[PDB]
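Visitor: So I've got this file, work25.pdb, and it contains PDB, C-alpha atoms:
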ATOM      1  CA  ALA A   1       0.000   0.000   0.000  1.00  0.00           C
ATOM      2  CA  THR A   2       0.993   3.709   0.248  1.00  0.00           C
ATOM      3  CA  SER A   3       0.014   6.849   2.268  1.00  0.00           C
ATOM      4  CA  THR A   4       0.117  10.131   0.361  1.00  0.00           C
ATOM      5  CA  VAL A   5       0.649  12.709   3.157  1.00  0.00           C
ATOM      6  CA  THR A   6      -0.616  16.049   1.819  1.00  0.00           C
ATOM      7  CA  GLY A   7      -1.765  19.374   3.279  1.00  0.00           C
ATOM      8  CA  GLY A   8      -1.496  23.100   2.550  1.00  0.00           C
ATOM      9  CA  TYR A   9      -3.599  26.227   2.114  1.00  0.00           C
ATOM     10  CA  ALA A  10      -7.057  26.780   0.636  1.00  0.00           C
ATOM     11  CA  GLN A  11      -9.205  29.724  -0.413  1.00  0.00           C
ATOM     12  CA  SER A  12     -12.905  29.188   0.139  1.00  0.00           C
ATOM     13  CA  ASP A  13     -14.369  32.372  -1.390  1.00  0.00           C
ATOM     14  CA  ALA A  14     -17.955  33.157  -2.398  1.00  0.00           C
ATOM     15  CA  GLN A  15     -20.159  35.762  -4.139  1.00  0.00           C
ATOM     16  CA  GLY A  16     -17.107  36.985  -6.143  1.00  0.00           C
ATOM     17  CA  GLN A  17     -13.768  35.151  -5.718  1.00  0.00           C
ATOM     18  CA  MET A  18     -11.862  37.651  -3.545  1.00  0.00           C
ATOM     19  CA  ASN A  19     -11.458  36.036  -0.083  1.00  0.00           C
ATOM     20  CA  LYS A  20      -8.543  34.376   1.643  1.00  0.00           C
ATOM     21  CA  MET A  21     -10.518  32.126   3.998  1.00  0.00           C
ATOM     22  CA  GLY A  22      -8.494  29.006   4.829  1.00  0.00           C
ATOM     23  CA  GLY A  23      -6.591  27.675   7.851  1.00  0.00           C
ATOM     24  CA  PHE A  24      -4.781  24.376   7.284  1.00  0.00           C
ATOM     25  CA  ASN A  25      -5.435  21.205   5.221  1.00  0.00           C
ATOM     26  CA  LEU A  26      -4.534  17.517   5.733  1.00  0.00           C
ATOM     27  CA  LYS A  27      -5.505  14.725   3.234  1.00  0.00           C
ATOM     28  CA  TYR A  28      -4.839  11.123   4.301  1.00  0.00           C
ATOM     29  CA  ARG A  29      -6.245   7.955   2.682  1.00  0.00           C
ATOM     30  CA  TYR A  30      -5.390   4.276   2.270  1.00  0.00           C
ATOM     31  CA  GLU A  31      -4.516   2.404  -0.971  1.00  0.00           C
ATOM     32  CA  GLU A  32      -5.711  -1.057  -2.023  1.00  0.00           C
ATOM     33  CA  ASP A  33      -4.017  -4.509  -1.676  1.00  0.00           C
ATOM     34  CA  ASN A  34      -4.643  -5.621  -5.269  1.00  0.00           C
ATOM     35  CA  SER A  35      -5.744  -2.843  -7.636  1.00  0.00           C
ATOM     36  CA  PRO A  36      -4.114   0.622  -8.037  1.00  0.00           C
ATOM     37  CA  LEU A  37      -7.175   1.926  -6.098  1.00  0.00           C
ATOM     38  CA  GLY A  38      -6.903   4.854  -3.699  1.00  0.00           C
ATOM     39  CA  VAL A  39      -9.342   7.074  -1.835  1.00  0.00           C
ATOM     40  CA  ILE A  40      -9.220  10.897  -1.753  1.00  0.00           C
ATOM     41  CA  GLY A  41     -10.166  12.976   1.314  1.00  0.00           C
ATOM     42  CA  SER A  42     -10.814  16.703   1.205  1.00  0.00           C
ATOM     43  CA  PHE A  43     -10.959  18.424   4.596  1.00  0.00           C
ATOM     44  CA  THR A  44     -11.164  22.252   4.761  1.00  0.00           C
ATOM     45  CA  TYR A  45     -10.846  24.553   7.782  1.00  0.00           C
ATOM     46  CA  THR A  46     -11.420  28.329   7.464  1.00  0.00           C
ATOM     47  CA  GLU A  47      -9.951  30.549  10.236  1.00  0.00           C
ATOM     48  CA  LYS A  48      -8.990  33.810   8.401  1.00  0.00           C
ATOM     49  CA  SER A  49     -10.621  37.266   8.840  1.00  0.00           C
ATOM     50  CA  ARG A  50     -10.284  40.107   6.292  1.00  0.00           C
ATOM     51  CA  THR A  51      -9.911  43.746   7.293  1.00  0.00           C
ATOM     52  CA  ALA A  52      -8.998  46.516   4.855  1.00  0.00           C
ATOM     53  CA  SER A  53     -11.257  49.530   5.603  1.00  0.00           C
ATOM     54  CA  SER A  54     -14.940  48.348   5.364  1.00  0.00           C
ATOM     55  CA  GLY A  55     -15.435  45.809   8.205  1.00  0.00           C
ATOM     56  CA  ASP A  56     -15.508  42.244   6.780  1.00  0.00           C
ATOM     57  CA  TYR A  57     -15.162  40.577  10.193  1.00  0.00           C
ATOM     58  CA  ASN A  58     -15.642  36.908   9.218  1.00  0.00           C
ATOM     59  CA  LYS A  59     -17.630  35.241  12.035  1.00  0.00           C
ATOM     60  CA  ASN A  60     -18.302  31.480  12.287  1.00  0.00           C
ATOM     61  CA  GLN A  61     -16.186  28.898  10.429  1.00  0.00           C
ATOM     62  CA  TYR A  62     -17.077  26.739   7.406  1.00  0.00           C
ATOM     63  CA  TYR A  63     -16.930  22.942   7.545  1.00  0.00           C
ATOM     64  CA  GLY A  64     -16.840  20.984   4.266  1.00  0.00           C
ATOM     65  CA  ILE A  65     -16.846  17.201   3.806  1.00  0.00           C
ATOM     66  CA  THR A  66     -16.206  15.902   0.242  1.00  0.00           C
ATOM     67  CA  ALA A  67     -15.195  12.314  -0.709  1.00  0.00           C
ATOM     68  CA  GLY A  68     -14.581   9.813  -3.551  1.00  0.00           C
ATOM     69  CA  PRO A  69     -12.072   7.146  -4.791  1.00  0.00           C
ATOM     70  CA  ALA A  70      -9.031   7.599  -7.093  1.00  0.00           C
ATOM     71  CA  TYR A  71      -8.217   5.065  -9.904  1.00  0.00           C
ATOM     72  CA  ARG A  72      -6.124   5.036 -13.177  1.00  0.00           C
ATOM     73  CA  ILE A  73      -7.661   4.948 -16.683  1.00  0.00           C
ATOM     74  CA  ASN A  74      -4.856   2.651 -17.924  1.00  0.00           C
ATOM     75  CA  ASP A  75      -1.531   3.949 -16.590  1.00  0.00           C
ATOM     76  CA  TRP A  76      -1.028   7.726 -17.052  1.00  0.00           C
ATOM     77  CA  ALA A  77      -2.865   9.566 -14.240  1.00  0.00           C
ATOM     78  CA  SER A  78      -5.504   8.976 -11.513  1.00  0.00           C
ATOM     79  CA  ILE A  79      -8.372  11.508 -11.332  1.00  0.00           C
ATOM     80  CA  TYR A  80     -12.027  11.057 -10.233  1.00  0.00           C
ATOM     81  CA  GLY A  81     -15.283  12.938  -9.514  1.00  0.00           C
ATOM     82  CA  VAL A  82     -15.755  13.843  -5.812  1.00  0.00           C
ATOM     83  CA  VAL A  83     -18.910  14.962  -3.949  1.00  0.00           C
ATOM     84  CA  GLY A  84     -19.725  16.461  -0.544  1.00  0.00           C
ATOM     85  CA  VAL A  85     -21.603  19.113   1.425  1.00  0.00           C
ATOM     86  CA  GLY A  86     -20.471  22.511   2.833  1.00  0.00           C
ATOM     87  CA  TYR A  87     -21.955  24.101   5.985  1.00  0.00           C
ATOM     88  CA  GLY A  88     -21.211  27.654   7.157  1.00  0.00           C
ATOM     89  CA  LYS A  89     -23.486  29.978   9.160  1.00  0.00           C
ATOM     90  CA  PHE A  90     -21.779  33.388   8.882  1.00  0.00           C
ATOM     91  CA  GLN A  91     -22.985  36.843  10.085  1.00  0.00           C
ATOM     92  CA  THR A  92     -22.179  40.512   9.336  1.00  0.00           C
ATOM     93  CA  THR A  93     -20.327  41.509  12.504  1.00  0.00           C
ATOM     94  CA  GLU A  94     -20.121  45.323  12.127  1.00  0.00           C
ATOM     95  CA  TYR A  95     -23.343  46.907  10.812  1.00  0.00           C
ATOM     96  CA  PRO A  96     -26.391  47.171  13.188  1.00  0.00           C
ATOM     97  CA  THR A  97     -28.061  43.970  11.869  1.00  0.00           C
ATOM     98  CA  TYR A  98     -25.834  41.202  13.399  1.00  0.00           C
ATOM     99  CA  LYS A  99     -26.780  37.657  12.233  1.00  0.00           C
ATOM    100  CA  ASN A 100     -29.517  38.229   9.657  1.00  0.00           C
ATOM    101  CA  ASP A 101     -31.093  34.955   8.419  1.00  0.00           C
ATOM    102  CA  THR A 102     -28.092  32.649   7.762  1.00  0.00           C
ATOM    103  CA  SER A 103     -28.125  28.763   7.750  1.00  0.00           C
ATOM    104  CA  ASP A 104     -28.085  26.675   4.539  1.00  0.00           C
ATOM    105  CA  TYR A 105     -25.982  23.893   2.932  1.00  0.00           C
ATOM    106  CA  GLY A 106     -24.519  23.429  -0.561  1.00  0.00           C
ATOM    107  CA  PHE A 107     -23.714  20.071  -2.189  1.00  0.00           C
ATOM    108  CA  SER A 108     -20.021  20.542  -3.036  1.00  0.00           C
ATOM    109  CA  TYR A 109     -18.990  18.690  -6.207  1.00  0.00           C
ATOM    110  CA  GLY A 110     -16.207  18.688  -8.828  1.00  0.00           C
ATOM    111  CA  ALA A 111     -13.185  16.427  -9.447  1.00  0.00           C
ATOM    112  CA  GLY A 112     -10.343  15.395  -7.141  1.00  0.00           C
ATOM    113  CA  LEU A 113      -6.968  15.362  -8.903  1.00  0.00           C
ATOM    114  CA  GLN A 114      -3.875  13.473  -7.640  1.00  0.00           C
ATOM    115  CA  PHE A 115      -0.442  13.751  -9.285  1.00  0.00           C
ATOM    116  CA  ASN A 116       2.309  11.185  -9.938  1.00  0.00           C
ATOM    117  CA  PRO A 117       3.859  10.662  -6.450  1.00  0.00           C
ATOM    118  CA  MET A 118       7.460  10.663  -5.201  1.00  0.00           C
ATOM    119  CA  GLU A 119       9.331   8.923  -2.313  1.00  0.00           C
ATOM    120  CA  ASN A 120       9.000  12.066  -0.109  1.00  0.00           C
ATOM    121  CA  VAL A 121       6.865  14.452  -2.320  1.00  0.00           C
ATOM    122  CA  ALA A 122       3.148  14.510  -3.248  1.00  0.00           C
ATOM    123  CA  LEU A 123       0.982  16.981  -5.214  1.00  0.00           C
ATOM    124  CA  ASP A 124      -2.783  16.758  -4.636  1.00  0.00           C
ATOM    125  CA  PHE A 125      -5.549  19.161  -5.651  1.00  0.00           C
ATOM    126  CA  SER A 126      -9.227  19.547  -4.955  1.00  0.00           C
ATOM    127  CA  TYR A 127     -11.494  22.176  -6.489  1.00  0.00           C
ATOM    128  CA  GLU A 128     -15.030  22.072  -5.088  1.00  0.00           C
ATOM    129  CA  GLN A 129     -17.951  24.362  -5.971  1.00  0.00           C
ATOM    130  CA  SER A 130     -21.197  24.820  -4.028  1.00  0.00           C
ATOM    131  CA  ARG A 131     -24.203  27.132  -4.496  1.00  0.00           C
ATOM    132  CA  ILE A 132     -26.546  28.739  -1.986  1.00  0.00           C
ATOM    133  CA  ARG A 133     -29.508  30.268  -3.897  1.00  0.00           C
ATOM    134  CA  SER A 134     -27.665  32.883  -5.993  1.00  0.00           C
ATOM    135  CA  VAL A 135     -24.258  32.936  -4.231  1.00  0.00           C
ATOM    136  CA  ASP A 136     -21.620  30.575  -5.585  1.00  0.00           C
ATOM    137  CA  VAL A 137     -18.841  29.256  -3.374  1.00  0.00           C
ATOM    138  CA  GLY A 138     -15.552  28.065  -4.894  1.00  0.00           C
ATOM    139  CA  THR A 139     -12.912  26.280  -2.815  1.00  0.00           C
ATOM    140  CA  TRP A 140      -9.528  25.087  -4.041  1.00  0.00           C
ATOM    141  CA  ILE A 141      -7.126  23.224  -1.708  1.00  0.00           C
ATOM    142  CA  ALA A 142      -3.405  22.572  -2.243  1.00  0.00           C
ATOM    143  CA  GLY A 143      -2.207  19.194  -0.965  1.00  0.00           C
ATOM    144  CA  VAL A 144       1.620  19.374  -0.950  1.00  0.00           C
ATOM    145  CA  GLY A 145       3.658  17.142   1.378  1.00  0.00           C
ATOM    146  CA  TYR A 146       5.281  13.703   1.203  1.00  0.00           C
ATOM    147  CA  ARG A 147       4.424  10.112   0.217  1.00  0.00           C
ATOM    148  CA  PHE A 148       5.431   6.791   1.844  1.00  0.00           C
TER
END
Would you mind writing the structure in this file as C-alpha cells?
Guide:
Amino acid sequence: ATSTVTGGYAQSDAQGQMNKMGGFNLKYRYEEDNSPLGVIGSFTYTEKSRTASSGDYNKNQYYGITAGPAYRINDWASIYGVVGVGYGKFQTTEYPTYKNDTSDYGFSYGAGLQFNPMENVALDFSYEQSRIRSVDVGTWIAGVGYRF
C-alpha cells in the first residue's frame, strides 16, 4: 500500500472570488491490496478574517466534507469525480443587523486530482464548488507534502 501525506492552504471564497478564507489542510487515505485503487479525502478549515477599511469581520467557520475514490484509466494519471456538502453559518459583525437569516448547505462537487507521487513528495488538488440560492462558493485546496 501507500500513504500520500498532503496538506497546505485553501481559499474558500464566495459571491465573487476575492477572499482568503483558509486555515490548514490535511488529506490522508489508504490504498488497495490488489488494484491501483486509492481514496481521496478533502478536509477544509477556514480561520482567516479580512480587514482593509470596510469591516468584513468573518464570524463562524465553514466545515466541508467531500469524498470519492481515485483510480487510473490505464496507466497515465488517476483523477475522479468527488462529492460532498459545505456548511457555514456566517454573520455581518459590524453593521447594526448582526446575524440576519443565515443557515443553509450546498452540495459541493467537482473532481479530485492526484499527481504522480514521489518517495518524499506529493501533489494533490481539490477544487469544489457549491451554491446557496444565488451565491456561488468556490474552494480550491493545495495538498503538498510527502508520500510513503
Visitor: Quick one: of A:53, A:36, A:46, A:11, who's nearest to residue 73 (chain A), counting all atoms listed in the file?
Guide: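 Nearest candidate to residue 73 (chain A) out of A:53, A:36, A:46, A:11: A:36.
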Visitor: By how many Å are CA of residue 107 (chain A) and CA of residue 79 (chain A) apart?
Guide: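 Computing it gives 19.8 Å between the two atoms.
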Visitor: Determine, counting all atoms listed in the file, every residue of protein, DNA or RNA that lies within 12 Å of (-5.2, -0.3, -4.5) in the file coordinates, then give the result as JSON, numbers by chain.
Guide: {"A": [1, 2, 3, 29, 30, 31, 32, 33, 34, 35, 36, 37, 38, 39, 69, 70, 71, 72, 78]}
Visitor: Nearest residue to residue 22 (chain A) out of A:92, A:121, A:139, A:145, using all atoms listed in the file?
Guide: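 The closest residue to residue 22 (chain A) is A:139.
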Visitor: Report as a ChimeraX atom specification the residues that result from applying the PyMOL selection byres ((chain A and resi 23) around 9) to the structure here.
Guide: /A:8-11,21-22,24-25,44-48
Visitor: Assuming the chain letters and numbering stay as they are in my file, what does the PyMOL selection byres ((chain A and resi 5) around 10) actually select? List them as a PyMOL selection string.
Guide: chain A and resi 2-4+6-7+26-29+120-124+143-148
Visitor: What does the distance between CA of residue 91 (chain A) and CA of residue 108 (chain A) come to in Å, to one decimal place?
Guide: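 That distance, rounded to one decimal, is 21.1 Å.
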Visitor: To one decimal place in Å, what is the distance between CA of residue 66 (chain A) and CA of residue 118 (chain A)?
Guide: 24.8 Å
Visitor: Carefully work through the PyMOL selection byres ((chain A and resi 111) around 6) for this structure and note down the residues it includes, as an mmCIF file with C-alpha atoms, keeping the file's coordinate frame.
Guide:
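Once everything was written out, this is selection_2.cif:
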data_model
loop_
_atom_site.group_PDB
_atom_site.id
_atom_site.type_symbol
_atom_site.label_atom_id
_atom_site.label_comp_id
_atom_site.auth_asym_id
_atom_site.auth_seq_id
_atom_site.Cartn_x
_atom_site.Cartn_y
_atom_site.Cartn_z
ATOM 1 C CA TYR A 80 -12.027 11.057 -10.233
ATOM 2 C CA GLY A 81 -15.283 12.938 -9.514
ATOM 3 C CA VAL A 82 -15.755 13.843 -5.812
ATOM 4 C CA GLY A 110 -16.207 18.688 -8.828
ATOM 5 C CA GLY A 112 -10.343 15.395 -7.141
#
Visitor: Using only C-alpha atoms, pick whichever of A:19, A:126, A:116, A:60 has the shortest atom-to-atom distance to residue 102 (chain A).
Guide: A:60
Visitor: Determine the nearest neighbour of residue 104 (chain A) from the options A:16, A:88, A:117, A:138, counting all atoms listed in the file.
Guide: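 Using all atoms listed in the file, residue 104 (chain A) sits closest to A:88.
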Visitor: My list of candidates is A:90, A:127, A:98, A:109. Which is closest to residue 49 (chain A) when distances are computed with all atoms listed in the file?
Guide: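 Using all atoms listed in the file, residue 49 (chain A) sits closest to A:90.
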Visitor: Can you work out which one of A:12, A:105, A:130, A:93 has the shortest atom-to-atom distance to residue 59 (chain A), counting all atoms listed in the file?
Guide: A:93
Visitor: Do a neighbour search on residue 125 (chain A) at 8 Å with all atoms listed in the file, toss out local chain neighbours closer than 6 positions, and write the hits as number ranges by chain.
Guide: A: 112-114, 140-143
Visitor: Could you pull the residues within 7 Å of residue 87 (chain A), counting only C-alpha atoms, minus those fewer than 2 positions along the same chain, as a list in words?
Guide: residues 62, 63, 64, 85, 89, 104 and 105 of chain A
